[PDB]
>>> print(open('structure-v2.cif').read())   # mmCIF, C-alpha atoms and all ligand atoms
data_final
#
loop_
_atom_site.label_atom_id
_atom_site.label_comp_id
_atom_site.auth_asym_id
_atom_site.auth_seq_id
_atom_site.Cartn_x
_atom_site.Cartn_y
_atom_site.Cartn_z
CA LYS A 252 -35.13 -17.00 -24.12
CA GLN A 253 -32.85 -19.20 -26.22
CA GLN A 254 -34.97 -21.55 -28.32
CA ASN A 255 -35.58 -23.97 -25.43
CA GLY A 256 -36.20 -23.56 -21.73
CA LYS A 257 -36.39 -19.93 -22.83
CA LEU A 258 -36.14 -18.48 -19.31
CA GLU A 259 -32.39 -18.52 -18.76
CA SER A 260 -30.35 -16.06 -16.71
CA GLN A 261 -27.63 -13.80 -18.09
CA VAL A 262 -25.26 -13.69 -15.11
CA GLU A 263 -21.54 -13.18 -15.60
CA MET A 264 -18.51 -13.73 -13.38
CA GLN A 265 -15.68 -11.19 -13.21
CA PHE A 266 -12.30 -11.46 -11.54
CA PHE A 267 -9.74 -9.17 -9.95
CA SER A 268 -6.34 -9.20 -8.29
CA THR A 269 -4.08 -6.67 -6.60
CA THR A 270 -2.47 -3.99 -8.70
CA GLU A 271 1.10 -4.00 -7.61
CA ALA A 272 0.57 -7.67 -7.38
CA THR A 273 -0.11 -7.93 -11.00
CA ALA A 274 2.20 -5.06 -11.38
CA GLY A 275 4.79 -6.95 -13.35
CA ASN A 276 4.64 -10.44 -14.80
CA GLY A 277 2.14 -13.20 -14.24
CA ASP A 278 4.34 -14.76 -11.59
CA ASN A 279 1.38 -16.74 -10.45
CA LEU A 280 -1.32 -14.12 -10.49
CA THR A 281 -4.02 -15.73 -8.46
CA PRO A 282 -7.06 -13.43 -8.63
CA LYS A 283 -8.07 -11.97 -5.30
CA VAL A 284 -11.74 -10.95 -5.59
CA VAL A 285 -14.79 -12.14 -7.52
CA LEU A 286 -17.84 -10.19 -8.65
CA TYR A 287 -21.12 -11.30 -10.21
CA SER A 288 -22.52 -8.89 -12.80
CA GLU A 289 -26.24 -9.07 -13.53
CA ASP A 290 -29.10 -6.71 -14.32
CA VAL A 291 -32.55 -6.32 -12.81
CA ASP A 292 -35.63 -4.23 -13.40
CA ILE A 293 -34.94 -1.43 -10.94
CA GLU A 294 -37.65 1.14 -10.23
CA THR A 295 -38.54 3.77 -7.65
CA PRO A 296 -42.21 3.38 -6.70
CA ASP A 297 -42.57 6.08 -4.06
CA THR A 298 -39.62 8.51 -4.15
CA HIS A 299 -38.37 11.18 -6.53
CA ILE A 300 -35.02 12.82 -7.24
CA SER A 301 -34.35 15.97 -5.25
CA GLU B 402 -41.35 6.77 37.45
CA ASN B 403 -38.15 5.30 36.01
CA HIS B 404 -38.87 2.21 33.92
CA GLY B 405 -35.52 2.19 32.17
CA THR B 406 -35.24 2.26 28.40
CA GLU B 407 -35.81 0.02 25.38
CA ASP B 408 -32.45 -0.38 23.63
CA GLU B 409 -32.36 -3.98 22.45
CA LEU B 410 -31.26 -2.88 18.99
CA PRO B 411 -28.22 -0.76 18.09
CA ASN B 412 -28.36 2.41 16.08
CA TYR B 413 -25.50 2.88 13.63
CA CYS B 414 -24.66 6.07 11.82
CA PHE B 415 -23.13 5.37 8.50
CA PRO B 416 -20.62 7.30 6.42
CA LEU B 417 -22.09 9.53 3.85
CA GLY B 418 -20.84 7.85 0.70
CA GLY B 419 -21.70 4.35 1.67
CA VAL B 420 -18.07 3.32 1.93
CA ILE B 421 -14.83 5.12 2.45
CA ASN B 422 -12.07 2.73 3.28
CA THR B 423 -11.23 1.10 -0.01
CA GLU B 424 -8.36 -0.23 -2.04
CA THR B 425 -7.69 -0.29 -5.72
CA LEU B 426 -7.58 -3.26 -8.02
CA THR B 427 -6.97 -4.45 -11.58
CA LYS B 428 -8.87 -6.47 -14.17
CA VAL B 429 -7.91 -10.11 -14.71
CA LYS B 430 -9.00 -12.77 -17.20
CA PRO B 431 -8.25 -16.49 -17.44
CA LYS B 432 -5.27 -17.62 -19.49
CA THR B 433 -6.67 -19.90 -22.18
CA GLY B 434 -5.37 -23.40 -22.75
CA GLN B 435 -3.45 -23.83 -19.51
CA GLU B 436 -6.01 -25.30 -17.04
CA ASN B 437 -5.08 -22.31 -14.86
CA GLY B 438 -3.20 -19.04 -15.12
CA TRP B 439 -4.35 -15.50 -15.67
CA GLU B 440 -3.55 -12.40 -17.67
CA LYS B 441 -4.18 -8.68 -17.68
CA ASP B 442 -7.13 -7.27 -19.63
CA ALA B 443 -7.00 -3.47 -19.82
CA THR B 444 -8.43 -3.42 -23.35
CA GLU B 445 -11.84 -2.08 -22.28
CA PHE B 446 -11.58 -1.70 -18.49
CA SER B 447 -9.82 0.85 -16.32
CA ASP B 448 -6.61 -0.57 -14.90
CA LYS B 449 -7.52 0.96 -11.52
CA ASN B 450 -10.99 0.33 -10.08
CA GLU B 451 -12.46 0.89 -6.63
CA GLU C 402 -46.04 26.70 20.39
CA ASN C 403 -42.28 26.97 20.80
CA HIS C 404 -40.35 26.46 24.03
CA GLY C 405 -37.17 25.54 22.21
CA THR C 406 -35.47 22.24 22.92
CA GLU C 407 -34.02 20.71 26.09
CA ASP C 408 -30.49 19.91 24.92
CA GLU C 409 -28.20 20.92 27.77
CA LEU C 410 -25.95 17.89 27.15
CA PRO C 411 -23.97 16.44 24.25
CA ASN C 412 -24.53 13.12 22.64
CA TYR C 413 -21.16 12.13 21.41
CA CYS C 414 -20.99 8.88 19.52
CA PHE C 415 -18.00 6.54 19.49
CA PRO C 416 -16.25 4.06 17.27
CA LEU C 417 -17.59 0.52 17.02
CA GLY C 418 -14.76 -0.98 19.04
CA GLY C 419 -14.28 2.04 21.27
CA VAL C 420 -10.77 2.59 19.96
CA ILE C 421 -9.47 2.73 16.42
CA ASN C 422 -6.35 4.89 16.44
CA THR C 423 -4.29 2.47 18.45
CA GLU C 424 -0.50 2.43 18.63
CA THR C 425 1.95 -0.45 18.95
CA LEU C 426 4.52 -0.59 21.68
CA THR C 427 6.89 -3.01 23.39
CA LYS C 428 7.65 -4.29 26.88
CA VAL C 429 10.15 -2.33 28.98
CA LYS C 430 11.67 -3.53 32.22
CA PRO C 431 13.97 -1.79 34.71
CA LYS C 432 17.58 -2.83 34.32
CA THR C 433 18.97 -4.47 37.45
CA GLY C 434 21.78 -3.02 39.50
CA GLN C 435 22.45 0.45 38.11
CA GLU C 436 19.61 2.86 38.84
CA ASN C 437 17.43 4.40 36.12
CA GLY C 438 18.40 1.45 33.95
CA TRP C 439 16.06 -0.03 31.39
CA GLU C 440 16.08 -2.92 28.95
CA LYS C 441 13.85 -5.09 26.81
CA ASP C 442 11.99 -8.19 28.00
CA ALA C 443 10.55 -10.39 25.25
CA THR C 444 10.32 -13.70 27.10
CA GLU C 445 6.62 -13.60 28.01
CA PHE C 446 4.98 -10.37 26.87
CA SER C 447 4.56 -10.43 23.11
CA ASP C 448 6.68 -8.17 20.95
CA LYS C 449 3.72 -6.09 19.75
CA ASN C 450 1.14 -4.65 22.12
CA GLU C 451 -1.52 -2.28 20.82
CA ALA D 1 0.62 3.08 7.00
CA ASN D 2 -1.88 3.43 9.84
CA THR D 3 -4.49 5.84 11.20
CA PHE D 4 -7.26 5.01 8.72
CA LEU D 5 -8.24 8.67 8.61
CA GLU D 6 -4.86 9.01 6.85
CA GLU D 7 -6.27 6.58 4.26
CA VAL D 8 -8.54 9.44 3.23
CA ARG D 9 -5.26 11.21 2.57
CA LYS D 10 -3.31 9.99 -0.46
CA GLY D 11 0.12 8.73 0.51
CA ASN D 12 3.22 10.85 -0.11
CA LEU D 13 6.82 9.77 -0.68
CA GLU D 14 8.62 12.06 1.77
CA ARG D 15 5.77 11.44 4.22
CA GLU D 16 4.91 7.72 4.46
CA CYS D 17 8.08 6.34 2.78
CA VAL D 18 11.05 8.06 4.36
CA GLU D 19 9.78 9.28 7.75
CA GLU D 20 7.11 6.54 8.26
CA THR D 21 7.50 3.18 6.48
CA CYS D 22 5.35 3.23 3.33
CA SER D 23 4.04 0.05 1.78
CA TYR D 24 4.57 -0.67 -1.90
CA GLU D 25 1.05 0.61 -2.66
CA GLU D 26 1.67 3.62 -0.40
CA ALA D 27 5.06 4.10 -2.17
CA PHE D 28 3.09 3.65 -5.37
CA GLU D 29 0.66 6.56 -4.81
CA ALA D 30 3.79 8.19 -3.36
CA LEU D 31 5.67 8.04 -6.65
CA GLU D 32 3.14 7.04 -9.40
CA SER D 33 5.93 6.17 -11.90
CA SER D 34 6.87 2.49 -12.16
CA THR D 35 10.54 3.38 -12.58
CA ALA D 36 10.22 5.56 -9.48
CA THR D 37 9.19 2.50 -7.45
CA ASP D 38 11.95 0.47 -9.12
CA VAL D 39 14.62 2.94 -7.98
CA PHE D 40 12.77 3.24 -4.66
CA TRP D 41 13.07 -0.48 -3.97
CA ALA D 42 16.66 -0.59 -5.20
CA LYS D 43 17.50 2.10 -2.66
CA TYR D 44 15.49 0.52 0.16
CA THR D 45 17.30 -2.73 -0.61
CA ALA D 46 20.57 -0.84 -0.21
CA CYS D 47 19.22 1.61 2.41
CA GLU D 48 17.97 -0.64 5.21
CA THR D 49 21.33 0.32 6.74
CA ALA D 50 20.24 3.99 6.66
CA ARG D 51 16.50 3.78 7.39
CA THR D 52 16.78 6.43 10.12
CA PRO D 53 17.44 9.29 10.52
CA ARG D 54 15.60 10.81 7.56
CA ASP D 55 18.90 12.41 6.55
CA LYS D 56 20.57 8.98 6.43
CA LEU D 57 17.78 7.54 4.29
CA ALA D 58 17.63 10.58 1.99
CA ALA D 59 21.40 10.57 1.47
CA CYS D 60 21.27 6.84 0.77
CA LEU D 61 18.47 7.35 -1.75
CA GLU D 62 20.03 10.27 -3.61
CA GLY D 63 23.34 8.47 -4.07
CA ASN D 64 25.48 11.59 -4.32
CA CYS D 65 27.40 10.10 -1.38
CA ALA D 66 28.41 6.71 0.01
CA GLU D 67 26.09 4.72 2.27
CA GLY D 68 26.70 1.16 3.41
CA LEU D 69 28.76 -0.53 0.72
CA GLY D 70 27.92 2.45 -1.49
CA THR D 71 26.27 0.56 -4.34
CA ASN D 72 23.53 3.17 -3.98
CA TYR D 73 25.99 5.83 -5.18
CA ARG D 74 24.58 8.18 -7.84
CA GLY D 75 26.93 11.18 -7.75
CA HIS D 76 29.46 12.80 -10.08
CA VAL D 77 32.58 11.22 -8.57
CA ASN D 78 34.60 9.73 -11.44
CA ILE D 79 37.99 9.36 -9.69
CA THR D 80 39.24 6.10 -8.20
CA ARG D 81 41.38 5.40 -5.14
CA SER D 82 44.63 5.65 -7.13
CA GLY D 83 43.30 8.38 -9.42
CA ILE D 84 42.99 6.49 -12.72
CA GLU D 85 40.28 7.91 -14.98
CA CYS D 86 36.95 6.10 -14.81
CA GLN D 87 35.91 3.96 -17.76
CA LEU D 88 32.45 4.57 -19.18
CA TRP D 89 30.31 1.54 -18.40
CA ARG D 90 28.70 1.61 -21.85
CA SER D 91 32.09 1.39 -23.56
CA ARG D 92 33.40 -2.17 -23.31
CA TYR D 93 36.90 -0.63 -23.41
CA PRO D 94 39.13 -0.99 -21.57
CA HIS D 95 37.46 -3.60 -19.35
CA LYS D 96 34.13 -4.95 -20.57
CA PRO D 97 31.46 -4.74 -17.83
CA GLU D 98 29.24 -7.79 -17.91
CA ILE D 99 27.51 -6.05 -14.98
CA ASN D 100 24.60 -3.96 -16.23
CA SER D 101 20.82 -3.88 -16.04
CA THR D 102 20.85 -7.53 -17.16
CA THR D 103 22.71 -8.72 -14.05
CA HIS D 104 22.04 -6.18 -11.26
CA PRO D 105 19.56 -3.56 -12.54
CA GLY D 106 19.17 -1.98 -9.09
CA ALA D 107 22.50 -0.12 -8.98
CA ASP D 108 21.34 1.97 -11.99
CA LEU D 109 24.77 2.24 -13.65
CA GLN D 110 25.40 5.77 -14.90
CA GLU D 111 27.28 7.47 -17.76
CA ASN D 112 30.88 7.31 -16.39
CA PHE D 113 30.45 7.59 -12.63
CA CA E 501 -5.37 0.24 -4.17
CA CA E 502 -0.13 5.63 4.95
CA CA E 503 0.25 6.72 8.01
CA CA E 504 -3.83 1.61 2.74
CA CA E 505 -2.22 5.88 0.87
CA CA E 506 1.63 10.91 7.55
CA CA E 507 8.11 17.60 5.91
#
>>> encode(input="structure-v2.cif", output="structure tokens")
Amino acid sequence: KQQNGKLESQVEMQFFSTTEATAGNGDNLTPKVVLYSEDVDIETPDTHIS
Amino acid sequence: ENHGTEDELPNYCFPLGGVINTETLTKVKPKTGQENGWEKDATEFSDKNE
Amino acid sequence: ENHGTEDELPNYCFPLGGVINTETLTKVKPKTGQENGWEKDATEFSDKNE
Amino acid sequence: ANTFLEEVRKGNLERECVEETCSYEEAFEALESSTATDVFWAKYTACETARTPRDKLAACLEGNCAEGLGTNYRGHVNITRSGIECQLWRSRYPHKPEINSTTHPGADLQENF
């Protein structure tokens, strides 16, 4: 909740590009891959840890 | 009494660790005040992720 | 009761495409005239054949 | 550079680079050090003429001999064709070398050689 609507999602975008690509300078470092970081109420209902 | 067999679906055996073939990568963040462009951010992230 | 198992055969699996460790090669044609001759033909067969 | 079971095996220099044909990332696991890959690419720029056999490539990398035009040279030879003593490339005397890491960093200009 933030003071209005109060049911908003905390989802973040993260970026990556090739190592040796980046390697040196930012000679046009277009990122290669995109990830979406979130969090959810995980739970195991019917299994344990062996 | 040979009726044949029911094999409409495939059965796939997977690797043990989920994935195996993988590359490395490097963190990237947007370069502020340029409408584009990117820069390295190893301040709080490993420079080599899977 | 225990008669063992009827497993007088193997059940090898295979890779998804049937072949993964492929190797590149190139066209070879017999050289005219002189016997045992050989040379390269790149007119029609592509340079790389797996 | 192939055989994805060999991707379970971390790349080596003498393995994938010389004998095979290692990629920059293969060369990278194959050397770790950034300067190692710098010298590696300088050589491979000068050592396409000596890619095979492995002896040719290794002798072109080491530089203690002459390969191609010999800019890959890294040995102790400090004696010219006519035998005049070699000038140290750091000392601007007698002849000032404008050629250093600023112009052609790949040749890795040494002490006096
Ligand atoms: Ca990688
Ligand atoms: Ca390899
Ligand atoms: Ca390989
Ligand atoms: Ca690889
Ligand atoms: Ca490798
Ligand atoms: Ca190998
Ligand atoms: Ca060996």
>>> interface_residues(input="structure-v2.cif", of="chain D", to="chain C", cutoff="9 Å", atoms="only C-alpha atoms", output="list in words")
residues 2, 3, 4 and 5 of chain D
>>> interface_residues(input="structure-v2.cif", of="chain B", to="chain C", cutoff="12 Å", atoms="all atoms listed in the file", output="list in words")
residues 411, 412, 413, 414 and 415 of chain B
>>> atom_distance(input="structure-v2.cif", atom1="atom CA of residue D:44", atom2="atom CA of residue C:440")
29.0 Å
>>> atom_distance(input="structure-v2.cif", atom1="atom CA of residue A:292", atom2="atom CA of residue A:259")
15.6 Å
>>> interface_residues(input="structure-v2.cif", of="chain A", to="chain D", cutoff="10 Å", atoms="only C-alpha atoms", output="ChimeraX atom specification")
/A:269-272,274-275
>>> interface_residues(input="structure-v2.cif", of="chain B", to="chain A", cutoff="7 Å", atoms="all atoms listed in the file", output="list in words")
residues 426, 427, 428, 429, 430, 438, 439 and 440 of chain B
>>> residues_near_ligand(input="structure-v2.cif", ligand="ligand CA 506 (chain E)", cutoff="12 Å", atoms="only C-alpha atoms and all ligand atoms", output="PyMOL selection string")
chain D and resi 1-22+26+30
>>> write_last_selection(input="structure-v2.cif", atoms="C-alpha atoms", output="PDB file, keeping the file's coordinate frame")
ATOM      1  CA  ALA D   1       0.620   3.080   7.000  1.00  0.00           C
ATOM      2  CA  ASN D   2      -1.880   3.430   9.840  1.00  0.00           C
ATOM      3  CA  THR D   3      -4.490   5.840  11.200  1.00  0.00           C
ATOM      4  CA  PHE D   4      -7.260   5.010   8.720  1.00  0.00           C
ATOM      5  CA  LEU D   5      -8.240   8.670   8.610  1.00  0.00           C
ATOM      6  CA  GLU D   6      -4.860   9.010   6.850  1.00  0.00           C
ATOM      7  CA  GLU D   7      -6.270   6.580   4.260  1.00  0.00           C
ATOM      8  CA  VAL D   8      -8.540   9.440   3.230  1.00  0.00           C
ATOM      9  CA  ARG D   9      -5.260  11.210   2.570  1.00  0.00           C
ATOM     10  CA  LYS D  10      -3.310   9.990  -0.460  1.00  0.00           C
ATOM     11  CA  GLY D  11       0.120   8.730   0.510  1.00  0.00           C
ATOM     12  CA  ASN D  12       3.220  10.850  -0.110  1.00  0.00           C
ATOM     13  CA  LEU D  13       6.820   9.770  -0.680  1.00  0.00           C
ATOM     14  CA  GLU D  14       8.620  12.060   1.770  1.00  0.00           C
ATOM     15  CA  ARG D  15       5.770  11.440   4.220  1.00  0.00           C
ATOM     16  CA  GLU D  16       4.910   7.720   4.460  1.00  0.00           C
ATOM     17  CA  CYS D  17       8.080   6.340   2.780  1.00  0.00           C
ATOM     18  CA  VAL D  18      11.050   8.060   4.360  1.00  0.00           C
ATOM     19  CA  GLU D  19       9.780   9.280   7.750  1.00  0.00           C
ATOM     20  CA  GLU D  20       7.110   6.540   8.260  1.00  0.00           C
ATOM     21  CA  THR D  21       7.500   3.180   6.480  1.00  0.00           C
ATOM     22  CA  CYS D  22       5.350   3.230   3.330  1.00  0.00           C
ATOM     23  CA  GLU D  26       1.670   3.620  -0.400  1.00  0.00           C
ATOM     24  CA  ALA D  30       3.790   8.190  -3.360  1.00  0.00           C
TER      25      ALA D  30
END
>>> residues_around(input="structure-v2.cif", residues="residue B:425", least_positions_apart="4", cutoff="6 Å", atoms="only C-alpha atoms", output="count of residues only")
3
>>> residues_near_point(input="structure-v2.cif", point="(29.6, 5.0, -19.7)", cutoff="9 Å", atoms="all atoms listed in the file", output="PyMOL selection string")
chain D and resi 86-92+109-113
>>> atom_distance(input="structure-v2.cif", atom1="atom CA of residue D:47", atom2="atom CA of residue D:107")
12.0 Å
